[PDB]
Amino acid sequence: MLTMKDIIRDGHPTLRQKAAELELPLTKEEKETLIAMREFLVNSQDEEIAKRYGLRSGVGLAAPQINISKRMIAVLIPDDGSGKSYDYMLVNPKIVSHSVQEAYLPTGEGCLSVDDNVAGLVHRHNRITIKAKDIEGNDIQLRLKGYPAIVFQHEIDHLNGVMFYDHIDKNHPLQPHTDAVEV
């Protein structure tokens, strides 16, 4: 199983690479790492197993963060109120379309690869559409609004070597952009 000593840290140059597109079907090794990625999130969201392996809680993980410069991500966003959950393992994900309307988390964002908390808003597209491949090479099209949209944008950002904190306005970090929804 993956643990925190697998996650590489801010300053590591793999995080600033642009990750390569995978050929299909995937290799057994590639499937294993994507499955594990998911298992990490699951594990980090169990209070006992996180206690035991000192896992920080995660809802998203990009392969670059375990130092694998390939275009795959996992997302595991448990129910939390509404009856929507999000358990996706995606290969070569791509945002094909999005809203003009931006959204943001009022308390900013976090990143497993980052150890300081960093205050500042990260404006994102409130709605998105992603085309991707699943772990068996079948086709996925996701329509996402709100928190999931942000989460998946966060992880996609990782594949282009973009960190959430690059989106912070230097001089007015807590200033909402006009007409942006708070999530």
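Numbering starts at 1 and runs along the sequence shown.
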| item | value |
| --- | --- |
| Residue range whose averaged C-alpha B-factor is higher in the record, 46-54 or 31-39 | 46-54 |
| Between 22-30 and 120-128 (mean CA B-factor, as deposited), the higher | 22-30 |
| Where the record places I135 (Cα B-factor, split into thirds across the chain) | middle |
| Third of chain Cα B-factors occupied by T107 | middle |
| Chain thirds of CA B-factor: placement of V151 | lowest |
| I68 - Cα temperature factor, lowest/middle/highest third of chain | middle |
| For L159, the third of its chain into which the C-alpha B factor falls | lowest |
